[PDB]
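Some notes on the structure that comes next.
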Amino acid sequence: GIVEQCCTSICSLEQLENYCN
Amino acid sequence: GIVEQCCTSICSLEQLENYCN
Amino acid sequence: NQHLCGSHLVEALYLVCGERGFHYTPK
Amino acid sequence: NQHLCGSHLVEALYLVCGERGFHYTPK
């Protein structure tokens with residue numbers, strides 16, 4: 001999930017934008 | 001939408017919680 | 001209450017919804 | 001980059017997604 005990818009790990013803009021609608 | 005109900009108008013917790021998953 | 005806009009509205013949803021998370025959809 | 005957690009993660013999604021909005025789903 002986003003918490004796993006961006007909080008526990010580090011995420012870039014590409015991954016963050018996957019969660020935009 | 002939420003912006004209409006909570007930003008343009010005023011919304012309570014009940015309405016805000018409608019947008020929880 | 002207050003008007004809740006933009007980042008304040010997002011933050012309110014974050015706090016209220018907790019582990020459920022939320023959908024923020026303008027338009 | 002940084003770790004992005006909690007309200008900071010929400011706020012990043014808010015800024016990046018703009019008018020599209022976003023879904024924030026822990027779990």
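By order in the structure tokens, chains are A, B, ...; within a chain, residues start at 1; ligands start at 1, following the order shown.
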Would you give me, as an MDAnalysis selection string, the residues of chain D that come within 7 Å of chain C, using only C-alpha atoms? chainID D and resid 7 10:11 14 19:26
Fit result for chain A on chain B over all paired C-alpha atoms, given as a CSV table (one decimal) with N, CA, C and O atoms, in the first residue's frame:
```csv
chain,number,residue,atom,x,y,z
A,1,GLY,N,-20.2,17.8,-4.1
A,1,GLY,CA,-18.9,17.2,-3.7
A,1,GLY,C,-18.4,17.6,-2.3
A,1,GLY,O,-19.0,18.5,-1.7
A,2,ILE,N,-17.3,17.1,-1.8
A,2,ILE,CA,-16.8,17.5,-0.5
A,2,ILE,C,-16.4,18.9,-0.5
A,2,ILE,O,-16.6,19.6,0.6
A,3,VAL,N,-15.9,19.5,-1.5
A,3,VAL,CA,-15.5,20.9,-1.5
A,3,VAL,C,-16.7,21.7,-1.4
A,3,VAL,O,-16.7,22.7,-0.6
A,4,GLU,N,-17.8,21.4,-2.1
A,4,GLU,CA,-19.0,22.1,-2.0
A,4,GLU,C,-19.6,22.0,-0.6
A,4,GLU,O,-20.1,23.0,-0.1
A,5,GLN,N,-19.5,20.9,0.0
A,5,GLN,CA,-20.2,20.7,1.3
A,5,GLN,C,-19.4,21.2,2.5
A,5,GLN,O,-20.0,21.6,3.5
A,6,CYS,N,-18.1,21.2,2.4
A,6,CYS,CA,-17.3,21.5,3.5
A,6,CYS,C,-16.4,22.7,3.4
A,6,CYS,O,-16.1,23.3,4.4
A,7,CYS,N,-16.1,23.2,2.2
A,7,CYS,CA,-15.4,24.4,2.0
A,7,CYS,C,-16.2,25.5,1.6
A,7,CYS,O,-16.1,26.6,2.3
A,8,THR,N,-17.1,25.4,0.6
A,8,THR,CA,-18.0,26.5,0.2
A,8,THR,C,-19.1,26.6,1.3
A,8,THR,O,-19.4,27.8,1.7
A,9,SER,N,-19.7,25.5,1.7
A,9,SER,CA,-20.6,25.5,2.8
A,9,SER,C,-19.8,25.1,4.1
A,9,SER,O,-18.6,25.1,4.1
A,10,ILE,N,-20.6,24.7,5.1
A,10,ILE,CA,-19.9,24.2,6.3
A,10,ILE,C,-20.4,22.8,6.5
A,10,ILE,O,-21.6,22.6,6.4
A,11,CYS,N,-19.5,21.9,6.9
A,11,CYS,CA,-20.0,20.5,7.1
A,11,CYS,C,-19.6,20.1,8.5
A,11,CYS,O,-18.6,20.5,9.1
A,12,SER,N,-20.4,19.2,9.0
A,12,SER,CA,-20.2,18.5,10.3
A,12,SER,C,-19.4,17.3,10.2
A,12,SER,O,-19.0,16.9,9.1
A,13,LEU,N,-19.2,16.6,11.3
A,13,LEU,CA,-18.4,15.3,11.2
A,13,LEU,C,-19.2,14.2,10.5
A,13,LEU,O,-18.5,13.4,9.7
A,14,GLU,N,-20.5,14.1,10.6
A,14,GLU,CA,-21.2,13.2,9.9
A,14,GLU,C,-21.0,13.3,8.4
A,14,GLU,O,-20.8,12.3,7.7
A,15,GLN,N,-21.0,14.5,7.8
A,15,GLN,CA,-20.8,14.6,6.4
A,15,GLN,C,-19.4,14.3,6.0
A,15,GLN,O,-19.1,13.7,5.0
A,16,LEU,N,-18.4,14.8,6.9
A,16,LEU,CA,-17.0,14.6,6.6
A,16,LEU,C,-16.7,13.1,6.6
A,16,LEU,O,-16.1,12.6,5.7
A,17,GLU,N,-17.3,12.4,7.5
A,17,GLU,CA,-17.0,11.0,7.6
A,17,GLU,C,-17.6,10.2,6.4
A,17,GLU,O,-17.2,9.1,6.2
A,18,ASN,N,-18.6,10.8,5.7
A,18,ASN,CA,-19.1,10.1,4.4
A,18,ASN,C,-17.9,9.8,3.4
A,18,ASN,O,-18.1,9.0,2.6
A,19,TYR,N,-16.8,10.6,3.5
A,19,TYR,CA,-15.8,10.5,2.6
A,19,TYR,C,-14.7,9.5,3.1
A,19,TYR,O,-13.7,9.3,2.3
A,20,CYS,N,-14.8,9.0,4.3
A,20,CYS,CA,-13.9,7.9,4.7
A,20,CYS,C,-14.1,6.7,3.8
A,20,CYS,O,-15.3,6.5,3.3
A,21,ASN,N,-13.2,5.8,3.7
A,21,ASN,CA,-13.4,4.6,2.9
A,21,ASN,C,-14.1,3.5,3.8
A,21,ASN,O,-14.0,3.6,5.0
```
Chain D in the frame of chain C after Cα least-squares fit, as a PDB file with C-alpha atoms, in the first residue's frame:
```
ATOM      1  CA  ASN D   1     -17.712  24.592  13.009  1.00  0.00           C
ATOM      2  CA  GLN D   2     -15.478  26.182  10.353  1.00  0.00           C
ATOM      3  CA  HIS D   3     -15.200  26.162   6.610  1.00  0.00           C
ATOM      4  CA  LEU D   4     -12.658  23.442   5.772  1.00  0.00           C
ATOM      5  CA  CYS D   5     -10.750  23.934   2.539  1.00  0.00           C
ATOM      6  CA  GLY D   6      -7.757  22.509   0.772  1.00  0.00           C
ATOM      7  CA  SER D   7      -5.025  21.141   3.029  1.00  0.00           C
ATOM      8  CA  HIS D   8      -7.179  21.741   6.109  1.00  0.00           C
ATOM      9  CA  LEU D   9      -9.970  19.624   4.654  1.00  0.00           C
ATOM     10  CA  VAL D  10      -7.501  16.860   3.740  1.00  0.00           C
ATOM     11  CA  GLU D  11      -6.026  16.949   7.224  1.00  0.00           C
ATOM     12  CA  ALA D  12      -9.491  16.758   8.825  1.00  0.00           C
ATOM     13  CA  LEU D  13     -10.299  13.695   6.727  1.00  0.00           C
ATOM     14  CA  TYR D  14      -6.957  12.163   7.704  1.00  0.00           C
ATOM     15  CA  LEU D  15      -7.676  12.591  11.408  1.00  0.00           C
ATOM     16  CA  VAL D  16     -11.341  11.610  11.365  1.00  0.00           C
ATOM     17  CA  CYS D  17     -10.997   8.601   9.084  1.00  0.00           C
ATOM     18  CA  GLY D  18      -7.950   7.106  10.746  1.00  0.00           C
ATOM     19  CA  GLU D  19      -7.060   3.607   9.635  1.00  0.00           C
ATOM     20  CA  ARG D  20      -9.943   3.594   7.149  1.00  0.00           C
ATOM     21  CA  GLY D  21      -8.359   6.309   5.011  1.00  0.00           C
ATOM     22  CA  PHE D  22     -10.446   8.383   2.655  1.00  0.00           C
ATOM     23  CA  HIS D  23     -11.128   9.614  -0.853  1.00  0.00           C
ATOM     24  CA  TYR D  24     -10.701  13.313  -1.665  1.00  0.00           C
ATOM     25  CA  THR D  25     -12.400  14.118  -4.989  1.00  0.00           C
ATOM     26  CA  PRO D  26     -12.877  17.739  -6.049  1.00  0.00           C
ATOM     27  CA  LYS D  27     -15.357  18.358  -8.867  1.00  0.00           C
TER      28      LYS D  27
END
```
